[PDB]
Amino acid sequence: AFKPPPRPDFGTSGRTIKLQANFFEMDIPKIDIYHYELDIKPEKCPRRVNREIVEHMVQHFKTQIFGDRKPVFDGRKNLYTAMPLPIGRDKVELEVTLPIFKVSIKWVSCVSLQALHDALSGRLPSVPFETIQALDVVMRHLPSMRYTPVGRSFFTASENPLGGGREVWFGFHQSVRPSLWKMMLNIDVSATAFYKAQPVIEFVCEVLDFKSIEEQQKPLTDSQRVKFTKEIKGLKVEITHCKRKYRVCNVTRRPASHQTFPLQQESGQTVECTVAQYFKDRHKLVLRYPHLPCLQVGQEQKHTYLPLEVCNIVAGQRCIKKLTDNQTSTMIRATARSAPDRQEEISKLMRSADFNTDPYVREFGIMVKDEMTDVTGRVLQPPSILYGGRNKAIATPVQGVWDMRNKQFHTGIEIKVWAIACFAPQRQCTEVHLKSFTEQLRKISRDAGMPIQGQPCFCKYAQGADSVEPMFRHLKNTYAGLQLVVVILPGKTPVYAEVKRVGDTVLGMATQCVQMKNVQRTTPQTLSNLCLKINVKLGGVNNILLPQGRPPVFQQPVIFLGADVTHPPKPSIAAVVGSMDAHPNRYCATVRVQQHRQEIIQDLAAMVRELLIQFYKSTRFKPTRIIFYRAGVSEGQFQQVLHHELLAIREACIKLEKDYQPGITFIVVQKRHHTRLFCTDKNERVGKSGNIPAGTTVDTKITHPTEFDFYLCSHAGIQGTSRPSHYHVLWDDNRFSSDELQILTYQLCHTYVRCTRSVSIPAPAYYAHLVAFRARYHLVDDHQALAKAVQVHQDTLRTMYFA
C-alpha cells in the first residue's frame, strides 16, 4: 500500500494505427539545479508583482550575487538556478525597492537531473517529483510575465471580436511530463473571453450599440447609463493624461460638465469643482464629450471621478460574465475545433514556438522539438452485445455505436401498473399530448421487449413540489404495487428534486421524469432511450457482454467497483458502486456525505463492506478479485488516496472474514488532462470531427517510464477533439497483463445502460458519478441529518435508481 506496480508488459492486441500526440520531445541536461526558498515581505501581494520584485532583485545585485545566472521563479517561494549561488543555509536578508520589500533567501536543496535521466532509463524505479516541478518552473518563468496566466494556461491577444467590448484571446496549456527514455512537453491550445484594450468611449460605443460616439450628442438616459454601469463596473481602467490604474466602482448620474467633487486647494480650503472644469484648468484638457457621465473609481466617498475620454480598459482581464448567444456562438467556433483543426493549431504554435529562444530555458540547457510525437496506437476489438427475446439478437458496435432495431432486452420488465403525474400546464400540455405520447411510448416499449401492456391507472395534472409527496403517497396506497410513475416536467424546477427525494428516499417508488417538450413532440430514439432507463429502473437487464468474449478474469467471481467524489464550488459527496452479477450489468450503490472538499473517501471501508455483502447476496459467491475504478484524483493525491483507500478496501475484506484476502486492482480514471491524439493518416479519421476511432489504445512513448498506465479512447468523438481517458494502475495484486486490463476496461465501457454506445469511462465510474449527482439532488431541502438525507429507501438499495 505504498508503491505503485511497474508496467508488466506492453499490449499487442487490436490493430495498429499511426498517431500523433501533442507531446514534444525535450532535450534535458544532467546538471544539478539549485533550489532556494524565498521569503519576501509583505507576502500577500499578487504573483506577477512578486515576479517583478524577484526580477529586479536579480538584476540589481548582479555585481554582488547573481552575476551571469538567470534564476527562475514559481511566483511564490521557490527559486532555481543552473549554477550555485554565493549562499549558505542561513537566510540572507535583502531589500528591494519597487518603483520597498524585504527578501529572505536561503539554500534548500540540490535537484539532480541525472537521477531523473536514471528514472527515464532503467537505473531508478521512481521519478523524483521536484525535478519535474523545477523543470516546469524553468519552462514557465518567462511566459508567466510575457503572457496572461489563466489557471495553468497562458493566454494572449490574437495574431477575434465578440461584441460588447469583448474579444477572444487564444492561449496554450504547457506541462512537463516524464515519459519513456525522454522528457516530454505537453502542449494544448485553448481560447477564452477577455475585454478589449480599447478606450472606454469605444467600449460604450460597443455596449450601447453606437457606430460613432457622435450618435449620442445628448446625455445618456437612465436605461443606457444603467446598462453601461452594470457592464463596466468592476473593470480596471488606466489613465492617459500623465500610467495609474483604477478600479471602477460606479458610474456617475451626472455628466462630466456637472459632476462635482470637493477640490482641495493649495491653501487647504475645499471648493466644489466639476470634473470638466478640473481637467480644463489642471490638465488643460477640454473634454470633447462633457455630456457623458464619469467613472467613479477609488472607493466610496473619496469622490474620485474620471471622464470617459481619458480612460482605457486595461488589457488582461477575462470576462466571467455570461455572454450573448452570438458571442457565445463565435466563442464555440473558436474553442471547439475539429480534430484536424486542433492538430494544425498545436502544430503551428509549436512550429513558431519561443521555448528554444527563451533565455531562461537555455540557461538550464533545455531544448524542445518542433514536431508532435509519432505514436503507434492500437484499435482494440469491440465486444459483441447480447440481447434477449426469442431471437437473442447480437449487436456488433461499429465505431463505438450500435442500435436496438430488431432487438429486445435480455430481461424485459412487463409494466402492468403505472401512473402519470403532469406538473406542466394543462393548456400547454394537453390531454391528447399525453395520450399520443402514451401510445407511442407503448409502441416503442413493446418493440424493445419491455411491454407496457395497458393504459396508465392514474393520470393527473399538478403544480408545486409540495404536491409531490402527498400525491406519491396517495399513489402508493390507492394502486396495488405500481411499478413506475412517469412525471412530466415544465423545464428546470424544484419539483424534480422533490420527485427524486420522495421517490428514492422516503417511499421507494421508481420514477421516470420526462421534460414537457419531449411529450408534445416525440421521436423514436428519445422514446427508446427512455425505455432503456425505465427498464433498468425496474430491475430489468437491457443487454450483456457476449459471455464467450469476456477476458479470463471472469472465470472466477469478481466484483467491479466504481468510486467518485463530487465537491461544492456545503459538504462533499462520496459515491461507490459495485457490480452484482457476472455479466456484469446490474450495480448496487452506496453514498456518503463528508468533509468539505475532502477527496479521500472517508467512509470507504463500510461502503465496500456493504457492496461485498450485497455481492455475495446476489451471486452466492465471494469475490476472488476486486477491480476498483477510482475517478477524479490527481497525481499529487496519488499516494494519500492509494494509502488510505487501499487500506480501507483491505480493511473491509479482513473485517468480513478472518482469512479472506482477494486481489485488489486499484485503477485511477482521469478524463481531465491535456493529452490529445490525432490520426496520422487522413483515411483513419472518423466522422466530421475527424477523431481517432473508438477503442484507440496507447501505452507507449507518452506514458509513464516505469509505472503501469495507459490511454484508452473508448468513445466516438461526435464534436470537437476527443478526450481519451487515462488509466493509472496504482495497485495490482492480480498481476493483470496490459492487454487483459485494457480489453477489460474497453468492454466495461460497453455495459453502460443509458445508451447503445461505448462511453468514455467504464460504467462503474460513470454510475458512481450519477449516484453522487443524485445525492446532490437529495440534499435540496447537521452532519447526520445530511447523512440520512442521502440515504435511500429500503426498496431502493437493491435498485439502479441513479440511472
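Heads up: residue numbers just count along the shown sequence, starting at 1.
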Margin query: Counting only residues that lack coordinates, how big is the gap in the deposited sequence between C242 and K243? Pick none, 1 to 3, 4 to 9 or 10 or more.
Written below: 1 to 3
Note to self: Please classify the unmodelled stretch of the deposited sequence between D781 and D782: none, 1 to 3, 4 to 9, or 10 or more residues.
What the structure shows: 10 or more
Check: Higher mean Cα B-factor in the deposited model: 314-322 or 664-672?
Finding: 314-322
Note to self: Per the record, averaged over C-alpha atoms, which has the higher B-factor: 47-55 or 763-771?
What the structure shows: 47-55
Check: From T680, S190, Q216, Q525, can you pick the one with the highest C-alpha B factor in the entry?
Finding: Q216
Note to self: If I read the C-alpha B-factors straight from the PDB entry, which of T335, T304, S579, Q277 is highest?
What the structure shows: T335
Item checked: Ranked against its chain, the third holding the CA B-factor of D447 -> middle
Notebook entry, point to check: Comparing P143 with the other modelled residues of its chain, is its CA B-factor in the lowest, middle or highest third?
Noted result: middle
Checklist line | Modelled-residue ranking by C-alpha temperature factor, third containing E93 | finding: highest
Item checked: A465 - which third its CA temperature factor falls in, relative to the rest of the chain -> highest
Next item on the list: For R757, return the chain-relative third of its C-alpha B-factor as stated in the PDB record: lowest, middle or highest.
Entry: lowest
